[PDB]
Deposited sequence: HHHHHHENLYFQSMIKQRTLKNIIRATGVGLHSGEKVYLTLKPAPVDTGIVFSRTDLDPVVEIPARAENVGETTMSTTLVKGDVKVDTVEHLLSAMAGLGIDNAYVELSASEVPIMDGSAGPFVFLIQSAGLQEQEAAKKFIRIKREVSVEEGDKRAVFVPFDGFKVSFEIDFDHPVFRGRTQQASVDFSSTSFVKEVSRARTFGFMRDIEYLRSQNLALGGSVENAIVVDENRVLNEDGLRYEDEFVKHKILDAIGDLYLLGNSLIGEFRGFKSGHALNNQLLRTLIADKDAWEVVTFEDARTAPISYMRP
């Protein structure tokens, strides 16, 4: 009845564009051995450069989560890391032909469909969990990010934009479906920012195909929103991706108050350093565990 590690049953290939780069990228997810973790490969480079998707390799947090090793980056990892967190994937190689993970439709939805179509493989090794034992809070200005002990996994988030088109949601993932209620929540941008962002080489691949485009009053996307609270649900999607840089699924609660990649990563570093606040645990019997995973 032991909760076991999971990899992919089959290879997944996808094609898309970097939100930021506007570059066409070829993506391949490969099964990986027990205790590998999630490892990105820049296969376009000779030799190939691999970066474990871990907090210590986070270099940039400016309008995406960026893994860095010397002069080499992988931009915008948080949506795919979100899908792999959501579906309980411990071990995978992520091959990219370019520096940015493809944006797809702007959500984790295409990533979860492609993975679940390929299926997952249970492996003969206990799944390791990070359990929160003490409260860990970081703040900078009016922003705030907290880990709280919780016998399960749950994410609360609040944003506070002053904009007509608005901002609080809480999700317990032993009670709520990641696939149905979170994975389809798209990234969003404001018309005002897109002009400025175009300048400082950003949003080069952005469109209504991969983002909720907002002017001063309205969503411009013809078909509108997938959820009434899509904006704050996408912040939760991002936080789940960032949390996974821990390298093991969490047993605790996350609370974001206007937090983002920068302050999320501040929290990860503080938590990792305060070893009184967390422990690695396994579950030899799934039936008594606080969390549970869909059939593989």
property: Missing CA stretches, deposited numbering from 1, N-terminus first; result: 1-12, 179-182
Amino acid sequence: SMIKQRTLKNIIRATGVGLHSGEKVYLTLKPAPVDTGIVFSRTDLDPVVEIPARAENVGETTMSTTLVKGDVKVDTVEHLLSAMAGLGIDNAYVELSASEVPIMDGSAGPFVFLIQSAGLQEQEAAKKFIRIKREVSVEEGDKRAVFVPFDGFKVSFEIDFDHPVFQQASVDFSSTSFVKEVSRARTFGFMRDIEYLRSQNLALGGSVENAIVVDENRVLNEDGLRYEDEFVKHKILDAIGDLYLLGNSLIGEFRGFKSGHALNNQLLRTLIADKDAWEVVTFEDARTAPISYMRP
From here on, numbers count along this sequence of modelled residues.
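The term rigid core refers to the most C-alpha atoms you can superpose between the two forms while keeping them within 1.5 Å.
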query: Larger mean CA deviation from the shown form in 4 other deposited structures of this protein [core fit; 196-204 vs 152-160]; finding: 196-204
query: Positional deviation of Cα atoms in 4 other deposited structures of this protein after core superposition, greater for 120-128 or 187-195; finding: 187-195
query: Between 188-196 and 98-106 (mean CA B-factor, as deposited), the higher; finding: 188-196
query: Given 46-54 and 243-251, the range whose Cα B-factors average higher in the PDB entry; finding: 46-54
query: Selection from 91, 82, 116, 170 [criterion: highest C-alpha temperature factor in the record]; finding: 170
query: Given 77, 87, 146, 219, the residue at which the Cα B factor reaches its maximum; finding: 219
query: Where the record places residue 176 (Cα B-factor, split into thirds across the chain); finding: highest
query: CA B-factor ranking of residue 125, expressed as a third of its chain; finding: middle
query: Ranked C-alpha temperature factor of residue 237 among modelled chain residues, by third; finding: lowest
query: Residue 202 CA temperature factor, ranked by third within the chain; finding: highest
query: CA B-factor placement of residue 132, once the chain's modelled residues are sorted into thirds; finding: middle
